[PDB]
Amino acid sequence: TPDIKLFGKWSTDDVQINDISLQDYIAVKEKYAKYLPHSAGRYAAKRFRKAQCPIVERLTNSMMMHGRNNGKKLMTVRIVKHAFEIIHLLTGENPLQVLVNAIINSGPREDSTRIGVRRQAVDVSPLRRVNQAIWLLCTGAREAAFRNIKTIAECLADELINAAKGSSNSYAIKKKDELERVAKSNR
Amino acid sequence: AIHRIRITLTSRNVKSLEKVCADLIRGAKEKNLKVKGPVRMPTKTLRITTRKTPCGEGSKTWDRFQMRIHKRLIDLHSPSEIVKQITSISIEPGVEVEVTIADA
Amino acid sequence: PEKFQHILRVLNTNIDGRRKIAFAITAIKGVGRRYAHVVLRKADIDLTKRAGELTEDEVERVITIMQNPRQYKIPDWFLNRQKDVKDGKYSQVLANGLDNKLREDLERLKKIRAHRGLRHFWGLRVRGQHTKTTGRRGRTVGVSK
Amino acid sequence: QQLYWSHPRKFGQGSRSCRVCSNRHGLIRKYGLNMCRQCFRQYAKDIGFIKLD
Amino acid sequence: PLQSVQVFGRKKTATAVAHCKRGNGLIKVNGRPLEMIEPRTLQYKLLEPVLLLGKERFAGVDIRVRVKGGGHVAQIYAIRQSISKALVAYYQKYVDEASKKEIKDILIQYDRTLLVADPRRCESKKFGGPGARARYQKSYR
Amino acid sequence: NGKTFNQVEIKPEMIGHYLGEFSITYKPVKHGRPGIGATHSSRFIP
Amino acid sequence: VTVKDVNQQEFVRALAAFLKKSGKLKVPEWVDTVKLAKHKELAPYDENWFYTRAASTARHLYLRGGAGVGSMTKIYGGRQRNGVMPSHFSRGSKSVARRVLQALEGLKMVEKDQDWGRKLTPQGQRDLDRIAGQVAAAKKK
Amino acid sequence: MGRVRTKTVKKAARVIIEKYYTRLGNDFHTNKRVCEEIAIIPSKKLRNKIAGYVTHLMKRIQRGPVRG
RNA sequence: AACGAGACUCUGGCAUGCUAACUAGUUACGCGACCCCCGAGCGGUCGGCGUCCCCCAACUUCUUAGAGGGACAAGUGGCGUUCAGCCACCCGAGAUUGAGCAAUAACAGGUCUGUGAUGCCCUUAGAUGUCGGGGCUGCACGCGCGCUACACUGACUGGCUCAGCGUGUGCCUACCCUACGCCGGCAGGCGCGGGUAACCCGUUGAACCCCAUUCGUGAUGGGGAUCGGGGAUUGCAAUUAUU
């Protein structure tokens, strides 16, 4: 009975992670299943402690950002809640599969470091791949809502659905495919 | 006849007030005056914060001065004639002592 | 809908018949958000409708209330002209009448040459403000000779 | 000798001055001190104030 | 007999005290049902212990909670800790220690801070800036 | 005025004003050209 | 069912309807023109605001009795924006609070008490607990 | 970080072991009680540091010579 | 061998163990009182709700604050000229809490406008030692520290519910913090009480935040500069607008 927790409404057991490099860094299932994406946990205190934070809470932290929104975490939990309800109506699928596949598609795997207009190509680690993916799709949702009748709950759903299939209509896929094009010219 | 009668003590320094107050309890207990134990009131802090410079030049440093005040109460069940005896010994240090003839 | 008239002319000024009635009539000078709500409340009009949904006798009821507030029991403490200096009356001044009431006030101060009238004439700040660092509207001047 | 030889001094910087040195600028009214800020840093130890933090 | 215990939980300046006694299954905070504490966005946070342990472990006792200090969110975390810390202290005094271990292990394997306090408090402000670490602007020419 | 007396003929429109409102304590400004130090580029080396 | 057993927002709407249906509560002539507090920018959206203010005020006197006109202006206080300057806290209108307390005394729901202030009568207490049962029954528990 | 012990700690620990070797052992909580009665130490926090290095030195002396 | 470093002093986080409280509380009952029947079951012994009220009841968990306790790189595994030390982990409230104080030798650094600290120089009755009015705020222009915003992750109108640090009747010098009742849209006015303060303002009903409503991508119900008219309060006096 208490071994299965539905996050209010959505099951974790049917979720799959299809890139073997990220299975250690996208925290879902088992001990990482919780009722709400809100805890007071001391995740900042050591270098790799960050990897134990549930991925839905990492999305919730990165969303309370742009100056006028600092510290407002209760508002930011309901944005994620109403985005997952719209994703289920559009796709018919589990919202946690759409988030996991959007993260797997959006993180860049080659990039170029700066040395003097002059650059050199380098590899990207799996912790920086998951950090980059969240920041890109939060930025994509934030830029589209700024002068439209569309709510941020609708823009965050549109951005996650387009990233989960790689459509290149999303901000995150265009920016990933820019970083890897520039680095391919700096080999 | 007897009264319920109240003594209050006050100082800056703590450890002189401890020895004054302990001696008032002993002199009452050995004479069976049925003393009620020392009530510690909350501590009071005075603070003043000032610029260090006499003239307004330099990088802008500050001094933070403070003073702390400590207060106690003891209650006795005794005649008015014998508080005058026990409230007169060991009181030599810089401690205030005040007494009122009825408060209980 | 009825495809009714959606621009209308009220006091030598044009109202868009497309905003909520309480925010359409504030296109008249002398009528702010606060006064427009109280006029419609005395006029017995429902605030939920668009300004093009009023009938011809409803606009005449609002216009005749705006021009005579004191007879429909709008308070004296609400009004924009109080004890007017030349004749002692209380009223609300609207449209092109408000332009002339300010035009008379600035000339009345200038004719006796009081300090207010001179500051209004030289184009300087009239109330207590400083003038060294704010309100700049000229051109940068160079130090060269 | 004149009958008008003073003006009212019942409030403001005309009423009050330092108890040690008669100066009028930067004085402390807190807790009934009425010292100048430069005279306070000079006598604070004898009055019984200390610093810890 | 007066078979009962009183214990407390904390976060920031907030403190909550829970009294529990032999009974039928009542839980109240400040005289109200715990389904009706105002920030209902966090309702699963004060339901967590009874959802995790199951209502059969609560059926023998009545629990009354009083709370003050801190802000709206710090009080939910004080209430949550007072309830789970009261049940294990009541079981330790009045039933078998082998049953206390089931309760403590299931709580800690889900979340610490159901049973141990969070020590974090504010830093003090320092002169020369708006807070503890920030400084005012610097300029040269 | 702080150094001189300015004469006023009291018109009836002046009623309720102060006597000091008709006698002004300063001259209206009109500018001469800017001096050395007025701008950052203005610096002098011997 | 007591006032502490039901969700408080629809209790205020149920109590406001009971006052407004009775026909006995008197209202001031200026109810359509006042600004309700110093820090507001506009008059209230609802023509029925006075009955809602009385219903909330009776509910406050049930939970914490002995209030007076000054302490009611702190309950309905709020933030004032000062244009280009920083914002501060500001209290409610005294005349509205005084006339709302006098209107409830005319229903025999309120008394001026010993020491200083005001409290509910046994008749006021009866009428609030009677409406709390109606609010619970409307949910078909 | 830094856990290096200053000469005030290291010299007091050597002088204790030269005089009282027969009283001492591997238990920190017993060494902490012995060092409080054979010496005057002004601070509780200094007493804990001295009994700590004495406990480290006893475990060395059980293996071979220590030159000081 | 000496000073600086460190130690040292204040502060934060732990104690259901100690001392003990009508200027601090809890639990319980001799009980007493109002309201509800929702409850096995009645309008009850018994249930629910209380900053409703006595105790000549019991007590110290929650509040105050005195004494002691506790942590040492102490335990286990690696790495180290196997020393001095360094990395991970168990157990634990806790394995970097934050401030104060600070050496030798300097600077043509700032201050004579803090002083009855002070040398030399100047002035001293047509005074460079008191009252009345004005200025320090003047505005083509360049620069520095800041406050409010450009909106929908919002603004407006209702409803609900939570802090901590402090100050308070001025000792020449003449003023303090405020409950409650009444009058007024508001600022404000009158009456009458408490507090020299764990005792009274005060259970310090704080803001963002939380729940419901209206607007609809428009320099708009975003923003609130600039400016006209009227009313109170301080003061001996408000114009160059005190608030």
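Residues numbered from 1 in each chain as written, not as in the entry; some residues may be left out. Chains lettered and ligands numbered in written order. Part of a larger assembly, values for the part shown. Heavy atoms only, no water.

Digging into the overall build of chain C
Okay, step 1: Along the backbone of chain C there are five helices and two strands.
Okay, step 2: Its C-alpha atoms give chain C a radius of gyration of 21 Å, clearly above 15 Å, the size a compact globule of 145 residues would have.
Okay, step 3: Taking all 145 residues of chain C together, 30% fall into the buried category.
Okay, step 4: Long-range pairs, those at least 24 residues apart, make up 43% of the contacts in chain C between residues at least 6 apart in sequence.
Okay, step 5: Accessible area for chain C stands at about 10,800 Å²; split by element, carbon and sulfur atoms hold 49% of it.
Okay, step 6: For chain C, the distance from the average site of its 34 positive side-chain charges to the average site of its 16 negative ones is 15 Å. (Helix = DSSP H or I, 4+ residues; strand = E, 2+ residues; numbered from the N terminus. Rg over C-alpha atoms; globule rule 2.2 N^0.38 Å. Buried < 20%, exposed > 50% of the residue type's maximum accessible area, 1.4 Å probe, protein only. Contact = heavy atoms within 4.5 Å. Areas by Shrake-Rupley, 256 points an atom, 1.4 Å probe, with all protein chains shown as cover. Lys, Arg positive; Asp, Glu negative; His and termini not counted. Charge placed at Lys NZ, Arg CZ, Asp CG, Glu CD.)

Examining the packing of helix α2 (residues 73–91) of chain A against helix α5 (residues 152–165) of chain A
Geometry of a packed helix pair, given as the angle between the helix axes and the separation of the axes.
Residues and elements named next belong to chain A.
Okay, step 1: For the pair α2 and α5, interaxial distance at closest approach is 8 Å and the crossing angle is 55°. When the interaxial angle is binned, α2 and α5 end up oblique. Every pair of crossing elements has a handedness; the one defined by α2 and α5 is right-handed. On α5, the residues touching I79, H82, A83, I86, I87, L90 and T91 of α2 are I152, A153, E154, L156, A157, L160 and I161. (Axes fitted to C-alpha atoms, helices over the stretch in contact; angles between N-to-C directions. Parallel < 35°, antiparallel > 145°, perpendicular 65-115°, else oblique. Left-handed = near helix turned anticlockwise from the far one by under 90°.)

Thoughts on the pattern of salt bridges
Okay, step 1: One pass over the full model with this rule turns up 39 salt bridges over all chains.
Okay, step 2: Here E18(B) ties to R72(B) by a salt bridge, and the two come within 2.8 Å at their closest N and O atoms. Of this pair, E18(B) sits in helix α1 (residues 14–29) while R72(B) sits in strand β4 (residues 62–78), and the two are 54 residues apart along the sequence.
Okay, step 3: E18(B) sits in the partly exposed class, given a relative accessible area of 33%.
Okay, step 4: Here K139(G) makes a salt bridge to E10(G), at a shortest N to O gap of 2.7 Å. Linking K139(G) in the segment after α5 (122–137) with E10(G) in helix α1 (residues 8–22), this pair joins segments that are 129 residues apart in sequence.
Okay, step 5: Taking relative accessible area as the criterion, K139(G) reaches 46% and is therefore assigned partly exposed. (Salt bridge = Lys/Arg side-chain N within 4 Å of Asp/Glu carboxyl O.)

Some points on unusual backbone geometry
Okay, step 1: For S168(A), which is not a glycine, the phi torsion comes out positive at approximately 65°.
Okay, step 2: Residue placement: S168(A) occurs in the loop between α5 and α6 (171–184).
Okay, step 3: Since its relative accessible area comes to 37%, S168(A) is described here as partly exposed.
Okay, step 4: For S90(B), which is not a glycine, the phi torsion comes out positive at approximately 60°.
Okay, step 5: Mapped onto the fold, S90(B) is located in the loop between α2 (83–86) and β5 (96–100).
Okay, step 6: Classification of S90(B) as partly exposed rests on a relative accessible area of 29%.

A short note on the pairing of strand β2 (residues 85–90) of chain G
Residue and element names in this part refer to chain G.
Okay, step 1: In this sheet, β2 lies alongside strand β1 (residues 78–82) in antiparallel orientation, the contact comprising four bridges. Counterpart to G78 in the pairing with β2 is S90.
Okay, step 2: Counting the residues in the hairpin turn of β1 and β2 gives two residues, including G83, whose phi is positive at 65°. (Pairing = 2+ DSSP bridges.)

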